[PDB]
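Asks: Pasting work-v5.cif below, which is mmCIF, C-alpha atoms and all ligand atoms.
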data_data
#
loop_
_atom_site.label_atom_id
_atom_site.label_comp_id
_atom_site.auth_asym_id
_atom_site.auth_seq_id
_atom_site.Cartn_x
_atom_site.Cartn_y
_atom_site.Cartn_z
CA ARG A 1 144.68 246.86 3.77
CA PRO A 2 147.24 249.70 3.76
CA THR A 3 147.88 251.88 6.84
CA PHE A 4 145.98 255.18 6.74
CA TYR A 5 147.03 258.46 8.35
CA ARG A 6 144.83 261.45 9.11
CA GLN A 7 145.23 265.23 8.78
CA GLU A 8 143.30 268.49 8.40
CA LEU A 9 143.87 270.78 5.41
CA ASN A 10 141.79 273.99 5.13
CA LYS A 11 138.96 272.79 7.44
CA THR A 12 138.81 269.51 5.44
CA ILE A 13 139.90 266.15 6.95
CA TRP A 14 142.01 263.81 4.77
CA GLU A 15 142.51 260.14 5.55
CA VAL A 16 144.84 258.65 2.97
CA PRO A 17 147.13 255.57 2.80
CA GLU A 18 150.70 256.21 3.96
CA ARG A 19 151.92 255.64 0.38
CA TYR A 20 150.77 259.22 -0.46
CA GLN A 21 152.95 261.89 1.19
CA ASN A 22 153.29 265.67 1.43
CA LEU A 23 149.68 266.50 0.58
CA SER A 24 149.28 270.14 -0.47
CA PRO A 25 145.92 271.76 -1.31
CA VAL A 26 145.71 272.75 -4.99
CA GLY A 27 142.12 274.09 -4.91
CA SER A 28 138.41 273.26 -4.68
CA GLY A 29 136.64 272.52 -8.00
CA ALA A 30 132.96 272.04 -7.07
CA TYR A 31 131.86 268.75 -5.39
CA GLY A 32 135.40 268.09 -4.04
CA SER A 33 138.85 269.27 -2.92
CA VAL A 34 142.21 268.43 -4.48
CA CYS A 35 145.68 267.97 -2.97
CA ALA A 36 148.96 267.48 -4.80
CA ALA A 37 150.89 264.57 -3.28
CA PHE A 38 153.89 262.26 -3.76
CA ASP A 39 153.19 258.58 -4.38
CA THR A 40 155.99 256.61 -2.70
CA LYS A 41 155.02 253.38 -4.50
CA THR A 42 155.37 254.73 -8.03
CA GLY A 43 157.68 257.74 -7.52
CA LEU A 44 155.03 259.89 -9.25
CA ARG A 45 153.51 263.27 -8.36
CA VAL A 46 149.76 262.75 -8.06
CA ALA A 47 146.55 264.68 -7.54
CA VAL A 48 144.22 263.30 -4.86
CA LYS A 49 140.57 264.39 -5.00
CA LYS A 50 138.32 263.95 -1.95
CA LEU A 51 134.66 263.95 -2.99
CA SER A 52 132.47 266.39 -1.05
CA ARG A 53 129.43 264.82 0.59
CA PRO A 54 129.31 261.96 -1.92
CA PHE A 55 126.03 260.55 -0.52
CA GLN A 56 124.16 263.70 0.62
CA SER A 57 121.23 262.97 -1.64
CA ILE A 58 120.20 260.71 -4.51
CA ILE A 59 121.69 263.31 -6.93
CA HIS A 60 125.06 263.32 -5.19
CA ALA A 61 125.10 259.51 -4.78
CA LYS A 62 124.32 259.01 -8.49
CA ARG A 63 126.93 261.66 -9.39
CA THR A 64 129.59 259.96 -7.24
CA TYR A 65 128.82 256.63 -8.97
CA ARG A 66 128.91 258.27 -12.43
CA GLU A 67 132.28 259.95 -11.87
CA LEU A 68 133.87 256.76 -10.50
CA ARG A 69 132.46 254.75 -13.43
CA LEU A 70 133.66 257.34 -15.99
CA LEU A 71 137.14 257.56 -14.44
CA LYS A 72 137.58 253.77 -14.26
CA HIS A 73 136.62 253.65 -17.94
CA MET A 74 138.87 256.36 -19.36
CA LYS A 75 142.22 255.00 -20.49
CA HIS A 76 143.67 257.53 -22.89
CA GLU A 77 146.69 259.86 -22.88
CA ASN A 78 144.56 263.02 -23.27
CA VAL A 79 141.84 262.08 -20.78
CA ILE A 80 142.17 262.07 -17.00
CA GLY A 81 142.19 258.50 -15.71
CA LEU A 82 142.53 256.64 -12.41
CA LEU A 83 145.79 255.57 -10.75
CA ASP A 84 143.96 254.60 -7.54
CA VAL A 85 140.65 254.87 -5.72
CA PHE A 86 140.27 254.32 -2.00
CA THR A 87 138.22 254.81 1.10
CA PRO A 88 139.34 254.63 4.73
CA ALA A 89 136.09 252.70 5.44
CA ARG A 90 136.56 248.98 6.12
CA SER A 91 132.95 248.01 5.26
CA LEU A 92 129.87 249.19 3.36
CA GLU A 93 128.11 250.47 6.50
CA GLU A 94 131.23 252.53 7.36
CA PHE A 95 131.57 253.87 3.75
CA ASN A 96 131.09 257.67 3.48
CA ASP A 97 134.20 259.04 1.71
CA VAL A 98 135.71 258.52 -1.72
CA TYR A 99 139.24 259.52 -2.73
CA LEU A 100 140.32 259.52 -6.38
CA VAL A 101 143.93 259.63 -7.57
CA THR A 102 145.48 260.69 -10.90
CA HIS A 103 148.81 261.90 -12.35
CA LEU A 104 149.39 265.55 -11.37
CA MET A 105 149.43 267.97 -14.31
CA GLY A 106 149.73 271.17 -12.30
CA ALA A 107 148.31 273.81 -14.63
CA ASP A 108 145.31 274.51 -16.85
CA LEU A 109 144.74 276.30 -20.15
CA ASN A 110 143.84 279.57 -18.39
CA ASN A 111 147.25 279.36 -16.70
CA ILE A 112 148.76 279.21 -20.25
CA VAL A 113 146.59 281.69 -22.26
CA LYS A 114 147.14 284.32 -19.55
CA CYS A 115 149.88 286.94 -20.18
CA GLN A 116 151.75 284.39 -22.35
CA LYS A 117 150.75 284.51 -26.05
CA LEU A 118 151.02 281.13 -27.78
CA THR A 119 152.54 280.54 -31.22
CA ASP A 120 150.40 278.91 -33.93
CA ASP A 121 152.58 275.80 -33.37
CA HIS A 122 151.56 275.53 -29.69
CA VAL A 123 147.92 276.13 -30.66
CA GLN A 124 148.13 273.20 -33.13
CA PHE A 125 149.53 270.87 -30.48
CA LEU A 126 147.10 271.85 -27.71
CA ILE A 127 143.98 271.70 -29.89
CA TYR A 128 145.20 268.45 -31.54
CA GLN A 129 145.36 266.90 -28.07
CA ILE A 130 141.86 268.09 -27.05
CA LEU A 131 140.42 266.66 -30.27
CA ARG A 132 142.35 263.42 -29.78
CA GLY A 133 140.84 263.05 -26.29
CA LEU A 134 137.41 264.07 -27.55
CA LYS A 135 137.49 261.46 -30.33
CA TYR A 136 137.98 258.86 -27.61
CA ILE A 137 135.33 260.19 -25.21
CA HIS A 138 132.79 260.66 -28.02
CA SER A 139 133.40 257.07 -29.21
CA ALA A 140 132.09 255.88 -25.81
CA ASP A 141 128.84 257.86 -26.39
CA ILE A 142 129.95 260.43 -23.78
CA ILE A 143 129.51 264.19 -24.22
CA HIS A 144 131.64 266.48 -22.07
CA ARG A 145 129.14 269.38 -22.16
CA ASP A 146 131.24 271.88 -20.18
CA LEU A 147 134.59 272.06 -21.97
CA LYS A 148 136.46 275.23 -21.03
CA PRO A 149 140.11 276.24 -20.43
CA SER A 150 139.88 275.47 -16.70
CA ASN A 151 138.81 271.83 -17.49
CA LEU A 152 141.91 271.34 -19.65
CA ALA A 153 144.91 270.31 -17.53
CA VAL A 154 148.39 270.96 -18.97
CA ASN A 155 151.78 269.84 -17.62
CA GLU A 156 155.28 271.35 -18.10
CA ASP A 157 155.62 269.08 -21.18
CA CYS A 158 152.66 270.89 -22.85
CA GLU A 159 150.80 267.56 -22.62
CA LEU A 160 147.07 268.02 -22.16
CA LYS A 161 144.27 266.02 -20.54
CA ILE A 162 140.52 266.69 -20.39
CA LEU A 163 139.13 266.91 -16.82
CA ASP A 164 135.50 266.90 -15.56
CA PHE A 165 133.95 265.14 -18.60
CA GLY A 166 130.53 263.53 -18.47
CA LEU A 167 129.63 265.04 -15.06
CA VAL A 168 136.50 279.95 -15.62
CA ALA A 169 132.96 281.28 -16.32
CA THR A 170 131.51 278.23 -18.15
CA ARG A 171 128.77 279.92 -20.26
CA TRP A 172 131.32 281.60 -22.58
CA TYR A 173 132.21 278.24 -24.21
CA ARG A 174 128.66 276.81 -24.30
CA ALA A 175 127.11 275.81 -27.65
CA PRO A 176 124.27 278.10 -28.81
CA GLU A 177 121.71 275.25 -28.86
CA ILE A 178 122.34 274.77 -25.12
CA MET A 179 121.79 278.51 -24.44
CA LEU A 180 118.44 278.04 -26.25
CA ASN A 181 117.64 275.02 -23.96
CA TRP A 182 117.48 272.29 -26.69
CA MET A 183 117.29 268.79 -25.14
CA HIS A 184 118.38 266.89 -28.30
CA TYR A 185 121.87 268.37 -28.72
CA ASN A 186 124.65 266.16 -30.06
CA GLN A 187 128.34 265.60 -29.37
CA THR A 188 129.36 268.61 -31.52
CA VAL A 189 128.35 270.68 -28.48
CA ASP A 190 131.97 269.93 -27.43
CA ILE A 191 133.33 270.93 -30.85
CA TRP A 192 131.72 274.38 -30.42
CA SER A 193 133.57 274.71 -27.12
CA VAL A 194 136.85 273.66 -28.76
CA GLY A 195 136.30 276.37 -31.39
CA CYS A 196 135.80 279.02 -28.70
CA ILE A 197 138.92 277.79 -26.86
CA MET A 198 141.04 277.69 -30.03
CA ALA A 199 139.90 281.23 -30.99
CA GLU A 200 140.91 282.45 -27.48
CA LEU A 201 144.37 280.84 -27.75
CA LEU A 202 144.86 282.47 -31.16
CA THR A 203 143.63 285.97 -30.15
CA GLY A 204 144.23 286.24 -26.40
CA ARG A 205 140.57 287.13 -25.69
CA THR A 206 137.31 285.38 -24.90
CA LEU A 207 135.48 284.96 -28.21
CA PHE A 208 131.99 285.28 -26.62
CA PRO A 209 132.09 286.99 -23.17
CA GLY A 210 128.32 286.82 -22.43
CA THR A 211 126.87 288.37 -19.24
CA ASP A 212 123.84 286.01 -19.22
CA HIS A 213 122.11 283.42 -21.48
CA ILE A 214 120.49 286.06 -23.72
CA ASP A 215 123.61 288.26 -24.03
CA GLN A 216 125.63 285.11 -24.85
CA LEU A 217 123.32 284.21 -27.74
CA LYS A 218 123.51 287.73 -29.12
CA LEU A 219 127.32 287.71 -29.11
CA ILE A 220 127.36 284.28 -30.85
CA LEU A 221 124.84 285.31 -33.54
CA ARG A 222 126.82 288.48 -34.45
CA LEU A 223 129.75 286.27 -35.51
CA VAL A 224 127.96 283.30 -37.03
CA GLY A 225 124.79 284.99 -38.28
CA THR A 226 121.20 284.53 -37.22
CA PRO A 227 119.73 281.12 -38.28
CA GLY A 228 119.13 280.48 -41.97
CA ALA A 229 115.90 278.84 -43.16
CA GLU A 230 117.21 275.26 -42.98
CA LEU A 231 118.12 275.65 -39.28
CA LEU A 232 114.98 277.65 -38.43
CA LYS A 233 112.87 274.69 -39.69
CA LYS A 234 114.51 272.54 -37.01
CA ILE A 235 113.43 274.60 -33.97
CA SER A 236 110.35 273.09 -32.31
CA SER A 237 110.04 275.71 -29.56
CA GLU A 238 107.65 278.53 -30.44
CA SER A 239 109.09 280.69 -27.62
CA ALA A 240 112.65 280.02 -28.87
CA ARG A 241 111.71 280.90 -32.46
CA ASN A 242 109.81 284.01 -31.44
CA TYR A 243 113.00 285.24 -29.81
CA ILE A 244 115.48 284.29 -32.54
CA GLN A 245 113.30 285.50 -35.42
CA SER A 246 112.61 288.70 -33.43
CA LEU A 247 116.31 289.60 -33.39
CA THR A 248 117.67 291.89 -36.09
CA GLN A 249 119.01 289.53 -38.77
CA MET A 250 122.78 289.34 -39.02
CA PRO A 251 124.98 287.84 -41.69
CA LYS A 252 127.71 285.34 -40.89
CA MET A 253 130.94 287.32 -40.64
CA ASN A 254 134.03 286.64 -42.72
CA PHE A 255 136.23 284.57 -40.40
CA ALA A 256 139.33 285.41 -42.51
CA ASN A 257 138.70 289.02 -41.47
CA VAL A 258 137.71 288.45 -37.81
CA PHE A 259 140.82 286.31 -37.18
CA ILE A 260 142.86 288.55 -39.58
CA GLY A 261 146.45 287.44 -38.87
CA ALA A 262 145.93 283.78 -38.01
CA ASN A 263 147.11 280.77 -40.00
CA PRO A 264 144.55 280.43 -42.84
CA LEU A 265 144.28 276.71 -41.90
CA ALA A 266 143.34 277.75 -38.35
CA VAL A 267 140.69 280.10 -39.75
CA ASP A 268 139.31 277.29 -41.97
CA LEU A 269 139.07 274.86 -39.06
CA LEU A 270 137.44 277.57 -36.94
CA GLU A 271 134.63 278.10 -39.44
CA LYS A 272 134.01 274.30 -39.58
CA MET A 273 133.81 274.12 -35.78
CA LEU A 274 131.77 277.27 -35.25
CA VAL A 275 128.89 276.42 -37.61
CA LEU A 276 125.62 277.49 -36.02
CA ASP A 277 123.64 274.43 -37.15
CA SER A 278 125.04 271.61 -35.02
CA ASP A 279 124.21 269.05 -37.74
CA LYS A 280 126.76 270.77 -40.01
CA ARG A 281 129.55 271.07 -37.44
CA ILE A 282 132.77 269.08 -37.90
CA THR A 283 133.24 266.01 -35.65
CA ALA A 284 136.34 265.39 -33.53
CA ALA A 285 137.51 262.57 -35.83
CA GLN A 286 136.99 264.74 -38.94
CA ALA A 287 138.82 267.66 -37.32
CA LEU A 288 141.84 265.49 -36.53
CA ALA A 289 142.14 264.84 -40.29
CA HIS A 290 142.04 268.60 -41.11
CA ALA A 291 145.23 269.89 -42.74
CA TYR A 292 145.85 272.22 -39.78
CA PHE A 293 147.04 269.13 -37.85
CA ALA A 294 149.26 267.67 -40.62
CA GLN A 295 152.36 267.66 -38.40
CA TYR A 296 150.58 265.73 -35.58
CA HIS A 297 147.82 263.57 -37.17
CA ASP A 298 148.22 259.77 -37.21
CA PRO A 299 145.04 257.63 -37.61
CA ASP A 300 146.84 254.59 -36.14
CA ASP A 301 147.59 256.63 -32.98
CA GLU A 302 144.15 258.18 -32.28
CA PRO A 303 142.38 255.38 -30.41
CA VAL A 304 138.69 254.88 -29.81
CA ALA A 305 137.23 253.83 -26.42
CA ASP A 306 135.96 250.41 -25.38
CA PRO A 307 132.14 250.20 -25.09
CA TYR A 308 130.83 252.16 -22.05
CA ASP A 309 127.70 251.00 -20.21
CA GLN A 310 125.65 254.15 -19.60
CA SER A 311 122.41 252.25 -18.79
CA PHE A 312 122.59 253.27 -15.10
CA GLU A 313 121.84 256.86 -16.23
CA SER A 314 118.23 255.92 -16.85
CA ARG A 315 117.79 254.36 -13.40
CA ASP A 316 115.97 255.71 -10.35
CA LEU A 317 117.60 254.10 -7.34
CA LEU A 318 117.82 254.65 -3.56
CA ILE A 319 120.83 256.41 -1.96
CA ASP A 320 121.95 253.12 -0.39
CA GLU A 321 121.81 251.38 -3.75
CA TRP A 322 124.01 254.03 -5.41
CA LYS A 323 126.26 253.86 -2.37
CA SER A 324 126.61 250.06 -2.57
CA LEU A 325 127.22 250.24 -6.33
CA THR A 326 129.99 252.79 -5.71
CA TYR A 327 131.53 250.63 -2.95
CA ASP A 328 131.55 247.66 -5.38
CA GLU A 329 133.44 249.80 -7.91
CA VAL A 330 136.06 250.95 -5.37
CA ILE A 331 136.75 247.35 -4.28
CA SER A 332 136.91 245.96 -7.87
CA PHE A 333 139.37 248.64 -9.07
CA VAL A 334 142.46 247.27 -10.80
CA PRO A 335 145.26 249.84 -11.14
CA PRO A 336 146.96 250.41 -14.56
CA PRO A 337 149.53 247.78 -13.63
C1 LIG A 401 147.53 275.13 -8.29
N1 LIG A 401 148.54 274.31 -8.92
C2 LIG A 401 148.36 272.99 -9.28
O1 LIG A 401 149.05 272.05 -8.91
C3 LIG A 401 147.26 272.72 -10.22
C4 LIG A 401 146.90 273.69 -11.13
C5 LIG A 401 145.89 273.46 -12.02
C6 LIG A 401 145.23 272.24 -12.02
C7 LIG A 401 144.14 272.06 -13.02
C8 LIG A 401 145.61 271.27 -11.11
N2 LIG A 401 144.95 270.03 -11.06
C9 LIG A 401 143.70 269.93 -10.48
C10 LIG A 401 143.11 271.14 -9.85
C11 LIG A 401 143.02 268.78 -10.48
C12 LIG A 401 143.61 267.62 -11.09
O2 LIG A 401 142.91 266.41 -11.10
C13 LIG A 401 141.66 266.37 -10.37
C14 LIG A 401 141.43 264.90 -10.30
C15 LIG A 401 140.68 264.26 -11.26
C16 LIG A 401 140.50 262.89 -11.20
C17 LIG A 401 141.08 262.16 -10.19
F1 LIG A 401 140.94 260.82 -10.12
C18 LIG A 401 141.84 262.78 -9.24
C19 LIG A 401 142.01 264.14 -9.31
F2 LIG A 401 142.75 264.71 -8.35
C20 LIG A 401 144.83 267.67 -11.66
BR1 LIG A 401 145.61 266.19 -12.44
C21 LIG A 401 145.58 268.95 -11.66
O3 LIG A 401 146.69 269.00 -12.18
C22 LIG A 401 146.63 271.49 -10.20
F1 LIG A 402 119.39 280.78 -32.19
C1 LIG A 402 119.76 279.50 -32.37
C2 LIG A 402 118.98 278.68 -33.15
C3 LIG A 402 119.36 277.37 -33.33
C4 LIG A 402 120.50 276.86 -32.72
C5 LIG A 402 120.88 275.51 -32.99
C6 LIG A 402 122.16 275.19 -33.39
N1 LIG A 402 122.17 273.83 -33.60
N2 LIG A 402 120.97 273.26 -33.36
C7 LIG A 402 120.16 274.28 -32.99
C8 LIG A 402 118.78 273.95 -32.64
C9 LIG A 402 118.18 272.93 -33.34
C10 LIG A 402 116.90 272.54 -33.00
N3 LIG A 402 116.19 273.09 -32.02
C11 LIG A 402 116.80 274.08 -31.36
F2 LIG A 402 116.08 274.62 -30.37
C12 LIG A 402 118.08 274.55 -31.61
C13 LIG A 402 121.26 277.68 -31.92
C14 LIG A 402 120.90 279.00 -31.75
#
Show me the file's structure as structure tokens.
Ligand SMILES: CNC(=O)c1ccc(C)c(-n2c(C)cc(OCc3ccc(F)cc3F)c(Br)c2=O)c1
Ligand SMILES: Fc1ccc(-c2c[nH]nc2-c2ccnc(F)c2)cc1

Replies:
Amino acid sequence: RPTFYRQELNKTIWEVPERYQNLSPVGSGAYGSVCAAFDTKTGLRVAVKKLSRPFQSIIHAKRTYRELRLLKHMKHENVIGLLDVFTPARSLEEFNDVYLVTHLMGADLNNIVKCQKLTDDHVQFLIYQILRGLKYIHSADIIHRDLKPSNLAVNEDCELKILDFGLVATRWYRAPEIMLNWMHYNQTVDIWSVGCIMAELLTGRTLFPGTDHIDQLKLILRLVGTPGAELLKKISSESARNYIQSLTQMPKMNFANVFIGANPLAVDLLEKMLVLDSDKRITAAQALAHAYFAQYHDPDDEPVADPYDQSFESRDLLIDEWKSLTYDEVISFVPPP
């Protein structure tokens, strides 16, 4: 076992192996705190995440397991992966803290959209990278569900990775079918979010700044139109249909006019991503092949993920069982060497 050393950072205690030095808090992100650090073994700058109350309840214990499982699975340049996972506990009975370690990126897409206004060329490269990561995640039967600029980490190299998959005001990037509470949504939920993000990078403003679920829907429908007959036929919920069909009908706007000065390829991709009916929305793989990404696209360099066992998601287990499963996964971890 390595030697651990202990310190307090913003009320939080951190017990990490001596290999990680100069810890510096870089913010709380719900369910955990993050420090930047220097990894003496690799020479790399890393982010270390301490999970908050990983075993507080069955929900938390299952969530801790899920995140560790997801992170051990993801091995892709545009998806956050694991350099290390550790606990200061020397046995299962002593196990109550999980630390997760990844390459430090040091910014997010908000930190890039803000005050700086990106060229079409930067937009192509950033969105290419999101789609490249999404192709991979989607190939493992994983849906992000909460893609937004603050979940997209970007380094000084303009290299991007998706954070917080499978687990700043999130509702602005949410697919309309989720605002309506549909339980059978598909992976193109994430493509909607990409469309909202891409629009924001092109225009410098939030495409749909909703104040609540209902206001969000209204803003979406003014751009994309109220549902046509084919989509209306697909809504089971009487309450949902009463509401939608009770709104004043709106036509789909002309995207070429809304995004007036943008690359006409960017506009074309936007309208394929922001299709109301999720069954008609472009997939991540299809989007990568869109002419907008001509300068970046290579099918031989856009890998798919190994099979991911999500069967645990259906299981109703005790806290101690989720805890022991998580311990097993910490101990079996094999670093990228
Ligand atoms: C405030 N300045 C920063 O250094 C700064 C600014 C913005 C961001 C998104 C970040 N930042 C954050 C928060 C988390 C982060 O990774 C979290 C994280 C995920 C998985 C894991 F196994 C270990 C981790 F730790 C990275 Br990687 C990162 O880069 C840092
Ligand atoms: F106002 C609306 C109406 C429908 C959607 C929608 C988009 N894609 N799929 C749906 C959908 C399909 C089946 N049942 C639902 F409830 C929703 C979104 C907003």

Asks: Name the residues, using the chain letters and numbers of the file, that sit within 12 Å of (147.5, 262.7, 9.4) when counting all atoms listed in the file, and give them as a list in words.

Replies: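 Protein and nucleic acid residues near the point are residues 3, 4, 5, 6, 7, 8, 9, 12, 13, 14, 15, 16, 17, 18, 20, 21, 22 and 23 of chain A.
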
Asks: Quick one: residues within 9 Å of residue 108 (chain A), all atoms listed in the file, excluding same-chain residues fewer than 4 positions away - as a list in words?

Replies: residues 112, 149, 150, 151, 152, 153, 154, 155 and 160 of chain A

Asks: Using all atoms listed in the file for the distances, tell me which of A:74, A:104, A:201, A:68 is nearest to ligand LIG 401 (chain A).

Replies: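 That would be A:104, the residue with the smallest distance to ligand LIG 401 (chain A).
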
Asks: At what distance in Å, to one decimal, does CA of residue 166 (chain A) lie from CA of residue 215 (chain A)?

Replies: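 Between these atoms lies a distance of 26.3 Å.
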
Asks: So which one's closest to residue 47 (chain A), A:140, A:217, A:59, A:85? Using all atoms listed in the file, please.

Replies: A:85

Asks: Against ligand LIG 402 (chain A), which residues of chain A fall within 8 Å? For each one I want the closest pair of atoms and the distance in Å (one decimal), counting all atoms listed in the file, rows by chain and increasing residue number, as a tab-separated table.

Replies:
residue	atom	partner	partner_atom	distance
A:175	CA	A:LIG402	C13	7.5
A:176	CA	A:LIG402	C13	4.3
A:177	CA	A:LIG402	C13	3.9
A:178	CA	A:LIG402	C13	7.5
A:179	CA	A:LIG402	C14	7.4
A:180	CA	A:LIG402	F2	5.9
A:181	CA	A:LIG402	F2	6.6
A:182	CA	A:LIG402	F2	4.6
A:183	CA	A:LIG402	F2	7.9
A:184	CA	A:LIG402	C10	7.5
A:185	CA	A:LIG402	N2	6.8
A:217	CA	A:LIG402	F1	6.9
A:221	CA	A:LIG402	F1	7.2
A:226	CA	A:LIG402	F1	6.5
A:227	CA	A:LIG402	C2	5.7
A:231	CA	A:LIG402	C3	6.3
A:232	CA	A:LIG402	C2	6.7
A:234	CA	A:LIG402	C10	4.7
A:235	CA	A:LIG402	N3	3.7
A:236	CA	A:LIG402	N3	5.8
A:237	CA	A:LIG402	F2	6.2
A:240	CA	A:LIG402	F2	6.6
A:241	CA	A:LIG402	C2	7.6
A:244	CA	A:LIG402	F1	5.3
A:276	CA	A:LIG402	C6	4.9
A:277	CA	A:LIG402	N1	3.9
A:278	CA	A:LIG402	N1	3.9
A:279	CA	A:LIG402	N1	6.6

Asks: Rounded to one decimal, what separation in Å do you get between CA of residue 50 (chain A) and CA of residue 317 (chain A)?

Replies: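 One can read the CA of residue 50 (chain A) to CA of residue 317 (chain A) distance as 23.6 Å.
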
Asks: If you count only C-alpha atoms and all ligand atoms, which residues end up within 6 Å of ligand LIG 401 (chain A), as a list in words?

Replies: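 If we count only C-alpha atoms and all ligand atoms, the neighbours of ligand LIG 401 (chain A) turn out to be residues 26, 27, 34, 47, 48, 49, 82, 100, 101, 102, 103, 104, 105, 106, 107, 108 and 153 of chain A.
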
Asks: Find the residues around residue 54 (chain A) up to 9 Å (only C-alpha atoms counted), leave out those fewer than 5 positions away in its own chain, and share them as a ChimeraX atom specification.

Replies: /A:31-32,60-65,96-98,323

Asks: By how many Å are CA of residue 118 (chain A) and CA of residue 204 (chain A) apart?

Replies: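 Interatomic distance here is 8.6 Å.
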
Asks: Restricting the calculation to all atoms listed in the file, which member of A:113, A:260, A:248, A:84 is positioned closest to residue 337 (chain A)?

Replies: A:84

Asks: Residues within 12 Å of residue 76 (chain A), please, as an NGL selection string. Count all atoms listed in the file; anything in the same chain fewer than 2 positions from it doesn't count.

Replies: :A and (71-74 or 78-82 or 129-130 or 132-137 or 160-162 or 301-306 or 336)

Asks: So, counting only C-alpha atoms, which residue among A:224, A:127, A:207, A:167 is closest to residue 254 (chain A)?

Replies: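 Answer, going by the shortest atom-to-atom distance: A:224.
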
Asks: Would you compute the box with edges along x, y and z of the file around region 126-143 of chain A, including every atom the file lists for it and 3 Å extra on each side, and give its centre and edge lengths in Å to one decimal, as lines of an AutoDock Vina configuration file?

Replies:
center_x = 138.0
center_y = 263.9
center_z = -27.7
size_x = 24.3
size_y = 22.0
size_z = 13.8
